[PDB]
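Structure data follow from query_25.pdb (PDB, C-alpha atoms and all ligand atoms):
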ATOM      1  CA  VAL A 915     104.214 179.152 156.942
ATOM      2  CA  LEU A 916     102.091 176.374 155.409
ATOM      3  CA  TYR A 917      98.673 177.953 154.826
ATOM      4  CA  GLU A 918     100.008 181.418 153.937
ATOM      5  CA  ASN A 919     100.950 180.268 150.408
ATOM      6  CA  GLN A 920      99.130 176.939 150.057
ATOM      7  CA  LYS A 921      98.143 177.644 146.442
ATOM      8  CA  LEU A 922     101.708 178.769 145.676
ATOM      9  CA  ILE A 923     103.286 175.622 147.123
ATOM     10  CA  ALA A 924     100.652 173.485 145.371
ATOM     11  CA  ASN A 925     101.589 175.113 142.054
ATOM     12  CA  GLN A 926     105.283 174.635 142.872
ATOM     13  CA  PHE A 927     104.690 170.945 143.656
ATOM     14  CA  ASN A 928     102.797 170.483 140.376
ATOM     15  CA  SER A 929     105.601 172.263 138.498
ATOM     16  CA  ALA A 930     108.183 170.013 140.179
ATOM     17  CA  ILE A 931     106.153 166.913 139.248
ATOM     18  CA  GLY A 932     105.960 168.065 135.627
ATOM     19  CA  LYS A 933     109.668 168.937 135.615
ATOM     20  CA  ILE A 934     110.720 165.523 136.922
ATOM     21  CA  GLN A 935     108.314 163.829 134.478
ATOM     22  CA  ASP A 936     110.032 165.710 131.647
ATOM     23  CA  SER A 937     113.527 165.064 133.044
ATOM     24  CA  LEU A 938     112.979 161.309 133.439
ATOM     25  CA  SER A 939     112.685 160.997 129.640
ATOM     26  CA  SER A 940     114.786 164.053 128.714
ATOM     27  CA  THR A 941     117.980 161.986 128.452
ATOM     28  CA  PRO A 942     118.600 158.246 127.958
ATOM     29  CA  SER A 943     121.502 158.262 130.465
ATOM     30  CA  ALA A 944     119.554 159.042 133.661
ATOM     31  CA  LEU A 945     119.154 155.327 134.495
ATOM     32  CA  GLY A 946     122.833 154.427 134.333
ATOM     33  CA  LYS A 947     122.924 151.961 137.232
ATOM     34  CA  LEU A 948     120.223 149.600 135.913
ATOM     35  CA  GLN A 949     121.718 149.672 132.410
ATOM     36  CA  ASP A 950     125.190 149.005 133.841
ATOM     37  CA  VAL A 951     124.103 146.022 135.953
ATOM     38  CA  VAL A 952     122.009 144.573 133.097
ATOM     39  CA  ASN A 953     124.912 144.985 130.653
ATOM     40  CA  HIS A 954     127.313 143.460 133.199
ATOM     41  CA  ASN A 955     125.084 140.395 133.631
ATOM     42  CA  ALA A 956     124.642 140.093 129.851
ATOM     43  CA  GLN A 957     128.399 140.386 129.255
ATOM     44  CA  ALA A 958     129.097 137.817 131.986
ATOM     45  CA  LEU A 959     126.687 135.384 130.310
ATOM     46  CA  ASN A 960     128.196 136.193 126.896
ATOM     47  CA  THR A 961     131.765 135.503 128.022
ATOM     48  CA  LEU A 962     130.513 132.398 129.866
ATOM     49  CA  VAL A 963     129.093 130.951 126.650
TER      50      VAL A 963
ATOM     51  CA  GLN B 564     125.445 125.279 105.504
ATOM     52  CA  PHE B 565     124.623 126.282 109.086
ATOM     53  CA  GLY B 566     124.064 129.351 111.236
ATOM     54  CA  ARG B 567     125.168 130.643 114.629
ATOM     55  CA  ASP B 568     124.094 133.103 117.322
ATOM     56  CA  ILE B 569     125.627 135.310 120.022
ATOM     57  CA  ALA B 570     126.634 132.159 121.933
ATOM     58  CA  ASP B 571     128.536 130.819 118.861
ATOM     59  CA  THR B 572     126.522 127.588 119.042
ATOM     60  CA  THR B 573     124.447 125.595 116.569
ATOM     61  CA  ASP B 574     120.937 127.005 116.120
ATOM     62  CA  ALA B 575     120.150 126.479 112.410
ATOM     63  CA  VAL B 576     121.454 124.106 109.747
ATOM     64  CA  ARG B 577     120.781 123.302 106.091
ATOM     65  CA  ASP B 578     120.093 119.662 105.282
ATOM     66  CA  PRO B 579     122.505 118.117 102.740
ATOM     67  CA  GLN B 580     119.712 116.251 100.901
ATOM     68  CA  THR B 581     117.121 118.994 100.267
ATOM     69  CA  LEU B 582     116.910 122.800 100.385
ATOM     70  CA  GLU B 583     114.696 123.201 103.480
ATOM     71  CA  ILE B 584     116.059 125.288 106.353
ATOM     72  CA  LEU B 585     116.101 123.629 109.786
ATOM     73  CA  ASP B 586     116.313 124.950 113.345
ATOM     74  CA  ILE B 587     118.123 123.431 116.333
ATOM     75  CA  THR B 588     116.797 124.016 119.857
ATOM     76  CA  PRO B 589     117.542 121.833 122.909
ATOM     77  CA  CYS B 590     114.619 120.059 124.540
ATOM     78  CA  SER B 591     113.323 120.433 128.089
ATOM     79  CA  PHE B 592     115.863 120.089 130.901
ATOM     80  CA  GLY B 593     116.627 121.639 134.260
ATOM     81  CA  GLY B 594     117.422 121.088 137.900
ATOM     82  CA  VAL B 595     114.717 119.286 139.859
ATOM     83  CA  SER B 596     113.492 120.884 143.093
ATOM     84  CA  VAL B 597     111.798 119.410 146.160
ATOM     85  CA  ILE B 598     109.274 120.768 148.671
ATOM     86  CA  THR B 599     108.910 118.891 151.961
ATOM     87  CA  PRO B 600     107.436 119.752 155.378
ATOM     88  CA  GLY B 601     110.184 117.815 157.166
ATOM     89  CA  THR B 602     110.537 114.278 158.484
ATOM     90  CA  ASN B 603     109.347 115.262 161.979
ATOM     91  CA  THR B 604     105.905 116.379 160.725
ATOM     92  CA  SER B 605     104.784 114.277 157.736
ATOM     93  CA  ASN B 606     106.134 112.226 154.827
ATOM     94  CA  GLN B 607     104.343 113.546 151.720
ATOM     95  CA  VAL B 608     106.588 115.420 149.287
ATOM     96  CA  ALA B 609     105.941 117.712 146.304
ATOM     97  CA  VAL B 610     108.469 117.330 143.484
ATOM     98  CA  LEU B 611     109.090 120.423 141.343
ATOM     99  CA  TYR B 612     110.699 120.895 137.927
ATOM    100  CA  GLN B 613     112.325 124.332 137.693
TER     101      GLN B 613
HETATM  102  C1  LIG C1001     108.680 182.715 145.557
HETATM  103  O1  LIG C1001     109.185 181.925 144.464
HETATM  104  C2  LIG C1001     108.166 181.390 143.603
HETATM  105  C3  LIG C1001     108.870 180.521 142.587
HETATM  106  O2  LIG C1001     110.176 181.006 142.303
HETATM  107  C4  LIG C1001     107.371 182.533 142.974
HETATM  108  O3  LIG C1001     106.326 182.003 142.165
HETATM  109  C5  LIG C1001     106.391 182.591 140.847
HETATM  110  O4  LIG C1001     105.961 183.967 140.856
HETATM  111  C6  LIG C1001     106.032 184.609 139.573
HETATM  112  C7  LIG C1001     105.633 186.051 139.784
HETATM  113  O5  LIG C1001     104.814 186.200 140.936
HETATM  114  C8  LIG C1001     105.133 183.880 138.577
HETATM  115  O6  LIG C1001     105.274 184.479 137.293
HETATM  116  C9  LIG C1001     105.509 182.404 138.507
HETATM  117  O7  LIG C1001     104.592 181.708 137.671
HETATM  118  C10 LIG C1001     105.501 181.781 139.901
HETATM  119  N1  LIG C1001     105.929 180.392 139.843
HETATM  120  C11 LIG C1001     105.106 179.364 140.070
HETATM  121  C12 LIG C1001     105.716 177.999 139.969
HETATM  122  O8  LIG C1001     103.922 179.529 140.347
HETATM  123  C13 LIG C1001     106.787 183.420 144.067
HETATM  124  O9  LIG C1001     106.130 184.545 143.494
HETATM  125  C14 LIG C1001     107.887 183.905 145.010
HETATM  126  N2  LIG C1001     107.322 184.696 146.091
HETATM  127  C15 LIG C1001     107.855 185.848 146.510
HETATM  128  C16 LIG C1001     107.141 186.532 147.636
HETATM  129  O10 LIG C1001     108.870 186.318 146.001
HETATM  130  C1  LIG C1002     118.732 114.139  96.356
HETATM  131  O1  LIG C1002     117.832 113.054  96.057
HETATM  132  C2  LIG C1002     116.461 113.316  96.393
HETATM  133  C3  LIG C1002     115.693 112.047  96.098
HETATM  134  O2  LIG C1002     114.397 112.077  96.681
HETATM  135  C4  LIG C1002     115.955 114.526  95.609
HETATM  136  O3  LIG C1002     114.618 114.824  95.998
HETATM  137  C5  LIG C1002     113.754 114.889  94.839
HETATM  138  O4  LIG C1002     114.271 115.772  93.821
HETATM  139  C6  LIG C1002     113.453 115.849  92.643
HETATM  140  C7  LIG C1002     114.182 116.738  91.663
HETATM  141  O5  LIG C1002     113.972 118.114  91.954
HETATM  142  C8  LIG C1002     112.065 116.371  93.007
HETATM  143  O6  LIG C1002     111.244 116.372  91.846
HETATM  144  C9  LIG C1002     111.439 115.499  94.088
HETATM  145  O7  LIG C1002     110.200 116.057  94.507
HETATM  146  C10 LIG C1002     112.375 115.377  95.290
HETATM  147  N1  LIG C1002     111.808 114.487  96.291
HETATM  148  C11 LIG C1002     111.775 114.783  97.594
HETATM  149  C12 LIG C1002     111.154 113.750  98.486
HETATM  150  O8  LIG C1002     112.226 115.835  98.034
HETATM  151  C13 LIG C1002     116.853 115.728  95.874
HETATM  152  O9  LIG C1002     116.452 116.828  95.064
HETATM  153  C14 LIG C1002     118.311 115.385  95.577
HETATM  154  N2  LIG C1002     119.175 116.513  95.890
HETATM  155  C15 LIG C1002     120.126 116.956  95.060
HETATM  156  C16 LIG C1002     120.924 118.130  95.543
HETATM  157  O10 LIG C1002     120.333 116.433  93.970
END

Mind turning the file's structure into structure tokens?
Ligand SMILES: *[C@@H]1O[C@H](CO)[C@@H](O[C@@H]2O[C@H](CO)[C@@H](O)[C@H](O)[C@H]2NC(C)=O)[C@H](O)[C@H]1NC(C)=O
Ligand SMILES: *[C@@H]1O[C@H](CO)[C@@H](O[C@@H]2O[C@H](CO)[C@@H](O)[C@H](O)[C@H]2NC(C)=O)[C@H](O)[C@H]1NC(C)=O
Amino acid sequence: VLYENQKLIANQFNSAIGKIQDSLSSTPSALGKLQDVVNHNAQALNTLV
Amino acid sequence: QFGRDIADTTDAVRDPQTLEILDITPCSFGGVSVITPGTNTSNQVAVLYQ
């Protein structure tokens, strides 16, 4: 099934790459875990001081 | 007369004699670190300031 539609799956892979490139910056809430851990460390330091 | 920051500490102050703004920052300090190959191999040590 690979070489029957190699151009089609190449175009689909390129479309998926473009879609995920758009979706990574489409919303500012797609990186919630890093923002949460950074804010938790910052708030821990803030309440420490 | 003086300013503060997010830590609610002293970072800037106005002198009572003139009108020049000052800044307060602590000098260099930290925990000292050591690097040694062990007493069973050699005796030279490399002291490190973190
Ligand atoms: C299988 O699905 C893919 C994607 O859903 C189809 O590729 C699309 O085909 C249409 C019409 O042929 C084009 O207008 C689109 O541009 C194609 N998409 C991409 C990303 O190239 C494909 O045709 C489908 N195959 C079958 C046999 O139904
Ligand atoms: C406190 O006294 C000092 C004395 O040096 C004053 O400083 C002088 O003030 C005069 C008046 O403006 C200036 O012409 C001089 O150039 C200043 N000298 C220096 C070294 O700064 C100062 O102004 C006084 N402060 C107050 C609030 O009266």

8 Å contacts from chain B to chain A using all atoms listed in the file, as a short mmCIF file (atom, residue, chain, number, x, y, z; two decimals) with C-alpha atoms, in the frame of the given file:
data_model
loop_
_atom_site.label_atom_id
_atom_site.label_comp_id
_atom_site.auth_asym_id
_atom_site.auth_seq_id
_atom_site.Cartn_x
_atom_site.Cartn_y
_atom_site.Cartn_z
CA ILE B 569 125.63 135.31 120.02
CA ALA B 570 126.63 132.16 121.93
CA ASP B 571 128.54 130.82 118.86
#

Atomic separation - atom CA of residue 936 of chain A relative to atom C7 of ligand LIG 1001 (chain C), Å: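 So the answer is 22.3 Å.
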
For the interface of chain A with ligand LIG 1001 (chain C) (cut-off 9 Å, counting only C-alpha atoms and all ligand atoms), please tabulate each contacting residue of chain A alongside its nearest pair of atoms and their separation in Å to one decimal, rows sorted by chain and increasing number, as a Markdown table.
| residue | atom | partner | partner_atom | distance |
| --- | --- | --- | --- | --- |
| A:919 | CA | C:LIG1001 | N2 | 8.9 |
| A:921 | CA | C:LIG1001 | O8 | 8.6 |
| A:922 | CA | C:LIG1001 | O8 | 5.8 |
| A:923 | CA | C:LIG1001 | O8 | 7.8 |
| A:924 | CA | C:LIG1001 | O8 | 8.5 |
| A:925 | CA | C:LIG1001 | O8 | 5.3 |
| A:926 | CA | C:LIG1001 | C12 | 4.5 |
| A:927 | CA | C:LIG1001 | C12 | 8.0 |
| A:928 | CA | C:LIG1001 | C12 | 8.1 |
| A:929 | CA | C:LIG1001 | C12 | 5.9 |
| A:930 | CA | C:LIG1001 | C12 | 8.4 |

Atom pair atom CA of residue 937 of chain A / atom CA of residue 956 of chain A: separation (Å):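 Atom CA of residue 956 of chain A lies at a distance of 27.5 Å from atom CA of residue 937 of chain A.
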
Axis-aligned box for ligand LIG 1002 (chain C), 5 Å per side, centre and edges in Å as AutoDock Vina command-line options:
--center_x 115.6 --center_y 115.1 --center_z 95.1 --size_x 20.7 --size_y 16.1 --size_z 16.8

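The contact shell of ligand LIG 1002 (chain C), defined as all polymer residues within 9 Å when all atoms listed in the file are used, comprises residues 579, 580, 581 and 582 of chain B.
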
Which residues would end up in the selection if the PyMOL selection byres (((chain B and resi 594) around 8) and not hetatm) were applied here, given that I need the answer as a compact mmCIF listing (two decimals) with C-alpha atoms, keeping the file's coordinate frame?
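Listing of result_20.txt after writing:
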# COMPACT_ATOMS: atom_id res chain seq x y z
CA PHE B 592 115.86 120.09 130.90
CA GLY B 593 116.63 121.64 134.26
CA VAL B 595 114.72 119.29 139.86
CA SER B 596 113.49 120.88 143.09
CA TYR B 612 110.70 120.90 137.93
CA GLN B 613 112.32 124.33 137.69

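Taking atom CA of residue 591 of chain B and atom CA of residue 572 of chain B as endpoints, the distance between them is 17.5 Å.
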
Picked residues, the PyMOL selection byres (((chain B and resi 573) around 12) and not hetatm), as a ChimeraX atom specification: /B:564-572,574-577,585-589

Selection result of the PyMOL selection byres (((chain B and resi 609) around 8) and not hetatm) on this file, as a PyMOL selection string: chain B and resi 597-599+607-608+610-611
